[PDB]
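# Fold and contact review
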Amino acid sequence: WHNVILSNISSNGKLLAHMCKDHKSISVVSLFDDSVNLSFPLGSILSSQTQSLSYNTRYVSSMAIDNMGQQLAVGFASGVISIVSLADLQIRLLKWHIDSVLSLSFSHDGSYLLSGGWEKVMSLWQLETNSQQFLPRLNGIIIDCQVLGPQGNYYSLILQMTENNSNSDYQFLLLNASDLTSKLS
Amino acid sequence: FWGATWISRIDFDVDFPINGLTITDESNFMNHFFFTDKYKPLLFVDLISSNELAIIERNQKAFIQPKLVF
Amino acid sequence: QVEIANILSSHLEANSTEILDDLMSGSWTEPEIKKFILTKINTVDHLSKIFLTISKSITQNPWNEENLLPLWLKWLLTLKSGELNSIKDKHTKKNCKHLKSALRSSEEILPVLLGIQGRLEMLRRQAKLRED
Amino acid sequence: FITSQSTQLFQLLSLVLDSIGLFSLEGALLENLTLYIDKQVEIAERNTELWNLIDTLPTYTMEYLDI
Amino acid sequence: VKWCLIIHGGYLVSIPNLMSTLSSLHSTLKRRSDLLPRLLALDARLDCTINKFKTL
Amino acid sequence: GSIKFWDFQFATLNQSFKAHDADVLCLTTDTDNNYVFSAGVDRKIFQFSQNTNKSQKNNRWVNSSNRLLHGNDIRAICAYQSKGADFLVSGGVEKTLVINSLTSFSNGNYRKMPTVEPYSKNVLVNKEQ
Amino acid sequence: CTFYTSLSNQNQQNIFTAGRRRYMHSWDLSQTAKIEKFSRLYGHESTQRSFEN
Amino acid sequence: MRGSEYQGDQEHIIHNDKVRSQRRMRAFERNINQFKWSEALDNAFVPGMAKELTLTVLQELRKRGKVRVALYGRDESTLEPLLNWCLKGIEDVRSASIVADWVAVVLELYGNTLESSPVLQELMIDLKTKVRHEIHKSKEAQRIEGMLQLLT
RNA sequence: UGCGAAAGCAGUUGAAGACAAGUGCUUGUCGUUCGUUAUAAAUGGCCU
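This entry lists cryo-EM as its structure determination method and reports a resolution of 3.65 Å.

Right under this line is the structure:
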């Protein structure tokens, strides 16, 4: 693939979703098999109101691909999340983040979405009813999120502590999904 | 001529230079120049005198949905 | 006072150097300074000139005893602020900076002056007491 | 000379007025120094204000249509 | 306070220590003096708007 | 403020969505029942979609999107589709109509009709006097 | 109260308990006891007032 | 129900996880926590509100960087409670500086509304008198410090 | 951006390429380059 702007790998490690400038297009490929091979321009996903507005709205900052490949989550610097159904390219809008979303990760089943950004709050979106739960007052903004376990027992998070502009201060956090308490910082 | 939000005047002695949200209308319905949109909405428009034009314009609690401002 | 107002208006149109002389004329008083600004300063160009002349004068000698030139600046800023900052001339901003520098000094000055004046009041009162 | 950057010259005067003491100071001069300072205080207040200055539908309306 | 300093100035001078025993004056006076630059700034701002609508 | 989908034969709840912040005063559906539109006091119009094939097989509705178009309550809503027409018309205390496209509700343009459109004039002027 | 043994991983043992409270306890299975508290319903808190049954 | 009294005096392991009950939070604190900026200002200016408690919500909003945001959606009707307090708080040394900031913003944000509203004008006339009164007091304290320096 | 105190004292904010929009021309943009020390605005706010 040429001129890759953004790339992500599914949690299982068998699907790769990446974006290229060939404005830009999203393509998803299965790695160990030929079952999944899809491509489409970003214009199709994007809303027209997004087209009318400033570039922040058309700027994707985070990307996630479900294990089954049916769903794909696209973040935007405006703070909006769009879940797109690969089967029909239908769009779904989840809007809570006021600032750019930096981390998106699907659960193994695909029913729950971990989102994190400048808000210093990790949000579990429940996609069945579009509800959500929060873990706020984290030590720093969430660069990355992941669900780590055969059953999603643990959540692995990367924090930045943006207060210190002199250096990048990364903190790796392993939370027990049971009670959302820091198992290992 | 005037509509809900527009007013127009056409002189009938002069020919003009040749140079989504409604039914597409594939089916049938059964079976010198001035234009201004400055004045709206208009209830009624008429001339009081030869050089006098009359424009008549229109001059509840609602559930709050705040607009974020930083 | 009508004559000086028309005289000052003419010099503004004539780009004369006597605009300053018109301004420090003693005939001016507080209300007439207001009325001239509100009624006669209608062009942006004239507003720039009067501000430039005044600010250069105050910048050179901010401690002049004459309150007339500062009085002009006070009401000019109060009444025509919207038209003034509309000016985008670089020299005007530099001129505003130069004036700001001179005035900034004086603000720092007052705590010491009050301390001296208060000191001096005590010395005067004791002399009165010794007299009695 | 005073009664006849300046702050370092003024603030030096305050040091004089301290060193002279209460007793040595004689009334006649003290009046003149008072009027001069009272003038200076007024000017300082006047300039200070200027510095802060620099930092800072009808039911029925008549118009003519353009045509 | 003004008369106490004037009358007993000679005695007040000849005291081993004043800051410890007059600390309340210095504390109270320092607080009020510190406010002077800001209060003036508001006075200029208030005088501006007060003049503006009065003439208008 | 809840929208609930019930199974008719057994009279049970299949899904519950806590969508609105206030009363849900009207509901309407498209021709094939691929979309259910709600509106109410909170001035929002929520689109619930079941267009995807996997959704149809599993019979699960989704809170697809929402839009704020009205200045006040939304009391009446209706939907019409034809080979040449696609309308989602709504109105309420604002006293004006709002028209959308059912198929392209999330991204399609909308029109706000005039409050008073004087086909029958309620005011006259006499040139004399 | 009740024991629980994961059907796949037989080595897993756990004890769930509840009361007239808005939280549930789980005890993994000797200096200390590994006890975790379930107190989050993910938006359905209104429907559930007590974990007692 | 006889087991409530027991405190595990005989049991092998005692596990204690209940979080201590924190004092209830006042109305203004709840609004700030929920990001209700405009309401937090209102809860400040209510009858029978402790002056210290009123000063914090003013400082707290300023610290948060939400001063203009708290003053957008307002008119003369809901602006007077602030001006009334500012008419009084300007006297106190502790709240003088905070009064300085807020009054500066409202003038910079409601100059136009000020002209058309008479009641707002009388507030600022009285406010101008009181600040002028403070200038005399603050100046006088400096004069005292001047003399007090001479003695030493 | 440099220096300095916190006040301030000096000095900048250029050029090219490409895309979109409107009408070869006009404007706006850049997950494009070279050189110099060099407003925002997708109804979107923090758990138990």
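### Concerning the overall build of chain A
Across its full length, chain A holds 2 helices and 16 strands. Scaling as 2.2 N^0.38, a compact globule of 185 residues should have a C-alpha radius of gyration of about 16 Å, and chain A matches this with 16 Å. By principal-axis analysis of the C-alpha atoms, chain A measures approximately 40 × 40 × 35 Å. Just so you have it, chain A exposes about 9,200 Å², and 49% of that area is on carbon and sulfur atoms. For chain A, the distance from the average site of its 9 positive side-chain charges to the average site of its 13 negative ones is 6 Å.

### Details of the side chain of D47 of chain E
Examined against the element boundaries, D47 of chain E turns out to sit in helix α4 (residues 36-55). You can call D47 of chain E buried: its relative accessible area is 16%. At 2.7 Å, the side chain of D47 of chain E forms a polar contact with the side chain of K74 of chain C.

### Things to note about the sheet that holds strand β14 (residues 154-159) of chain A
By way of backbone hydrogen bonds, the strands of a sheet pair with one another, either parallel or antiparallel. Residue and element names in this part refer to chain A. With antiparallel pairing, the 4 strands of this open sheet are ordered in space as β13-β14-β15-β16. In the strand order of this sheet, the two ends are held by β13 (142-148) and β16 (181-184), each with one partner. Each neighbouring strand pair of the sheet contributes to a mean axis angle of 35°, computed without reference to strand direction. Sheet analysis places β13 next to β14, joined by 6 bridges and oriented antiparallel. Each residue of the ladder has a partner; that of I142, found in β14, is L159.

### Topic: the packing of helix α4 (residues 76-89) of chain H against helix α7 (residues 118-151) of chain H
Each pair of packed helices can be summarised by the angle the axes make with each other and by the distance between the axes. All names here are of chain H. The interhelical angle for the contact between α4 and α7, taken along N-to-C directions, is 10°, at an axis separation of 10 Å. One finds that α4 runs roughly parallel with respect to α7. As α4 packs across α7, the resulting crossing turns out to be left-handed. Residues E76, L83, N84, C86 and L87 of α4 form the contact with α7, whose own contacting residues are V119, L120, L123, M124, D126, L127 and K130. Grouping the constituent residues of the contact of α4 with α7 by class yields 8 nonpolar, 1 polar and 3 charged.

### Considerations on the protein's contact with RNA strand I
Contacts to RNA strand I come from 44 residues, most closely from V60, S78, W96, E119 and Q133 of chain A. Among the atoms of RNA strand I close to the protein, meaning within 4 Å, 50% are from sugar or phosphate groups. Here a base nitrogen of RNA strand I and a backbone polar atom of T57 of chain A are 3.3 Å apart. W37 of chain H is positioned with one of its side-chain polar atoms (N or O) 3.2 Å from a base oxygen of RNA strand I. For the surface near RNA strand I, the class distribution of residues is 21 nonpolar, 11 polar and 12 charged.

### Structural notes on the nonpolar core
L123 of chain C together with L58 and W102 of chain H are the most contacted members of the largest nonpolar core, which has 77 residues in total. In terms of residues, this core owes the most to one element, α7 of chain H, which gives 12 residues. Setting aside anything within four residues of it in sequence, one finds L58 of chain H in contact with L41, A44, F45, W85, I98 and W102 of chain H. If you look at the next biggest cluster of nonpolar residues, it comprises 35 residues, including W28, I50, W72 and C96 of chain C.

### Overview of the pattern of salt bridges
Enumeration over the complete set of coordinates arrives at 20 salt bridges over all chains. Note that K2 of chain E and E140 of chain H form a salt bridge whose closest N and O atoms lie 2.6 Å from each other. Taken as a pair, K2 of chain E in helix α1 (residues 2-7) and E140 of chain H in helix α7 lie in two separate chains rather than in one.

### Some thoughts on the sheet that holds strand β5 (residues 63-65) of chain A
Residues and elements named next belong to chain A. An order of β5-β6-β7-β8 is seen for the 4 strands of this open sheet, with the pairing classed as antiparallel. Edge strands, defined here as strands with exactly one partner in the open sheet, are β5 and β8 (90-95). Sheet twist, expressed as the average angle between the axes of neighbouring strands with direction ignored, equals 20°. Across 6 bridges, strand β7 (residues 80-85) lies against β8 in antiparallel orientation. Counterpart to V84 in the pairing with β8 is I91.

### Overview of the interface of chain D and chain C
With 30 residues of chain D at the interface, the matching set in chain C holds 30 residues. When chain D packs against chain C, close to 3,000 Å² is buried across both sides, 70% of that on carbon and sulfur atoms. Contact with chain C buries surface across chain D, with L50, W51 and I54 of chain D losing the most and accounting together for 21% of the total. Inspection of the region where chain D meets chain C yields 2 salt bridges. In this structure, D55 of chain D engages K100 of chain C in a salt bridge whose closest nitrogen and oxygen atoms are separated by 2.2 Å. There are 5 residue pairs in polar contact connecting chain D and chain C. Listing elements by their share of the side of chain D that touches chain C, those giving two or more residues are α1 (6-24) and α2 (27-55) of chain D. Here the side of chain D that touches chain C gets 19 residues from one element, more than from any other, and that element is α2 of chain D. Residue classes in the side of chain D that touches chain C are distributed as 16 nonpolar, 8 polar and 6 charged.

### A look at the pairing of strand β6 (residues 71-75) of chain A
All names here are of chain A. Burial runs high along β6: 5 of the 5 residues are buried. The side-chain alternation of β6 yields two buried faces, one formed by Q71, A73 and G75 and the other by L72 and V74. Relative to β6, β5 is paired through 3 bridges, and the arrangement is antiparallel. Of the residues in β6, the one forming a bridge with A64 is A73. With antiparallel pairing between neighbouring strands as the criterion, β5 and β6 make up a hairpin whose turn holds 5 residues, including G69 at a positive phi of roughly 85°. Direction of pairing for β6 relative to β7: antiparallel, over a ladder of 5 bridges. The residue of β7 that forms the bridge with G75 is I81.

### Things to note about the packing of aromatic side chains
Here the distance between the centres and the angle between the planes together describe a pair of aromatic rings. Considering all chains together, one arrives at 22 aromatic pairs over all chains under this definition. Ring geometry for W28 of chain C against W72 of chain C: centres 4.9 Å apart, planes inclined by 85°, an arrangement best described as edge-to-face. Taken as a pair, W28 of chain C in the loop between α2 (19-23) and α3 (30-39) and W72 of chain C in helix α5 (residues 68-85) lie far apart in primary sequence, 44 residues in all. Aromatic ring contacts, followed pair by pair, group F5, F17, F46, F48 and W61 of chain F into a single cluster.

Thresholds applied
Residues numbered from 1 in each chain as written, not as in the entry; some residues may be left out. Chains lettered and ligands numbered in written order. Part of a larger assembly, values for the part shown. Heavy atoms only, no water. Helix = DSSP H or I, 4+ residues; strand = E, 2+ residues; numbered from the N terminus. Rg over C-alpha atoms; globule rule 2.2 N^0.38 Å. Areas by Shrake-Rupley, 256 points an atom, 1.4 Å probe, with all protein chains shown as cover. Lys, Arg positive; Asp, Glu negative; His and termini not counted. Charge placed at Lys NZ, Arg CZ, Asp CG, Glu CD. Buried < 20%, exposed > 50% of the residue type's maximum accessible area, 1.4 Å probe, protein only. Polar contact = N/O pair within 3.5 Å; in protein donor to acceptor, adjacent residues only side chain to side chain. Pairing = 2+ DSSP bridges. Axes fitted to C-alpha atoms, helices over the stretch in contact; angles between N-to-C directions. Parallel < 35°, antiparallel > 145°, perpendicular 65-115°, else oblique. Left-handed = near helix turned anticlockwise from the far one by under 90°. Contact = heavy atoms within 4.5 Å. Nonpolar A, V, L, I, M, F, W, Y, C, P; charged D, E, K, R; others polar. Near = heavy atom within 4 Å. Core = buried A, V, L, I, M, F, W, Y, C linked by side-chain atoms within 4.5 Å. Salt bridge = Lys/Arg side-chain N within 4 Å of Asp/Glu carboxyl O. Buried area = accessible area lost by both parts, 1.4 Å probe. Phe/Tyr/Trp six-rings, centres within 6.5 Å; stacked < 30°, edge-to-face > 60°.

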